[PDB]
Amino acid sequence: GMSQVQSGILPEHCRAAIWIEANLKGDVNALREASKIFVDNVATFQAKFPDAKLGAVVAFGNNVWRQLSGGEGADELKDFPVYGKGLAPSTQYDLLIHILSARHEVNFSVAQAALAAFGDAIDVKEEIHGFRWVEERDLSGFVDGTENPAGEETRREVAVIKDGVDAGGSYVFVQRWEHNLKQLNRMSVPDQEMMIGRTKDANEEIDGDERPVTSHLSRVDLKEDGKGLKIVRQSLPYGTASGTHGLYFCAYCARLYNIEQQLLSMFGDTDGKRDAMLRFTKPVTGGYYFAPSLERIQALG
Ligand code: HEM
Ligand SMILES: [Mg+2]
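Each residue of the sequence shown is one higher than the last, beginning at 0 in the authors' numbering.
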């Protein structure tokens, strides 16, 4: 009589992922059997490819989750709002599928399985292939992940709802960024470091009172009476060298509150200042989703 977390929230250092964002085209009922088929497929792929260390998550937007849940629980869930009066655009969809593992080829098979399960019930809006880059750096050349919650125990504490109807579930935030690396390369390395809040090559934290309040770390390293507002990030670089490229931002949290506070901070709603990264990169999508526990995906019918 307990709850199991979906397999894709907690894994650390996976080298590849696929994110599919889609709208519900018909009766929301179609999502019931599809979701059950999908998590069964994941179990099948985990059995066939034990060395892939595969995990996946199926999550739902506010409108369809209120229908599937009958309005019970997920009290913080809402459509992703526009932040900074539009600085952060809003592209709220109905369904999010997140696949991650040590093997892109296995991820690809799982994505095909997801598409076959949901079939013509969904309208795919975005499919992004994330890849870990050299030294786990973002395409900007700064290491991404250093202060991310480490270890299953702490990641569970931060990402997984502990009790009540939603025990084992999590809130998910996805936001695709498009980097302008030409604009970045116009900046001196010291200017870039003051924009992030860490040194570039050695990845050393710059002290809070040495770095601008607009620095990324100053915007998102938030505390409430000394307790950090932590989140579990699963973000990865994506794109082509000659085309669109950037960071696919993805975070999980037991409370949507921690994510929203960081967004209000970055986009100027809190103190009128905004994240210095907007000098070379911008968000073009945005959505909030609820990732139920595995057994509730099994109580979908
Ligand atoms: C272009 C988009 C982004 C880039 C390139 C980026 C990059 C980075 C880098 C380089 C770090 C420092 C190393 C680390 O501790 O991980 C960092 C930290 C962090 N980022 Fe971001 N980030 C982006 C967007 C976001 C967004 C949208 C959020 C939250 C809403 C976020 C939340 C955080 C948090 C919580 C940390 C850890 C801060 C700390 O406690 O030290 N980031 N990011
Ligand atoms: Mg800190």
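C-beta: ideal position from N, C-alpha, C; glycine also.
Selection from the options that minimises the alpha carbon distance to residue i
| i | options | result |
| --- | --- | --- |
| residue 113 | 9, 267, 283, 32 | 32 |
| residue 10 | 172, 21, 53 | 53 |
| residue 296 | 16, 48, 55 | 55 |
| residue 288 | 3, 8, 222 | 8 |
| residue 79 | 174, 134, 0 | 174 |
Reduced DSSP category for residue i - H, G, I as helix; E, B as strand; rest coil
| i | result |
| --- | --- |
| residue 262 | helix |
| residue 296 | helix |
| residue 122 | strand |
| residue 302 | Here the chain comprises residues numbered 0 to 300, so residue 302 is not present and cannot be evaluated. |
| residue 110 | helix |
| residue 79 | coil |
| residue 85 | helix |
Boundaries (first-last residue) of the alpha helix (DSSP H) holding residue i
| i | result |
| --- | --- |
| residue 45 | 29-47 |
| residue 153 | 151-158 |
| residue 195 | 188-195 |
| residue 216 | 215-219 |
Terminal residues of the beta strand (DSSP E) in which residue i lies
| i | result |
| --- | --- |
| residue 62 | Careful: residue 62 lies outside any beta strand (DSSP E), inside the alpha helix (DSSP H) at 61-68. |
| residue 23 | 15-23 |
| residue 95 | 94-100 |
| residue 52 | Neither: residue 52 is in no beta strand (DSSP E) and is coded neither H nor E. |
Contact test: residue i Cβ vs ligand 1 heavy atom, cutoff 6 Å
| i | result |
| --- | --- |
| residue 248 | yes |
| residue 130 | no |
| residue 261 | yes |
| residue 323 | Absent from the structure is residue 323, since the part of the chain shown begins at 0 and ends at 300. |
| residue 59 | no |
| residue 0 | no |
| residue 216 | yes |
| residue 143 | yes |
Proximity test, residue i beta-carbon vs ligand 4 heavy atom, cut-off 6 Å
| i | result |
| --- | --- |
| residue 137 | Ligand 4 is not part of this structure, which contains only ligand 1 and ligand 2. |
**Message:** Any residue with its C-beta under 6 Å from a non-hydrogen atom of ligand 2 counts. Can you list them all in chain order?
**Reply:** Here the list is 146, 220.
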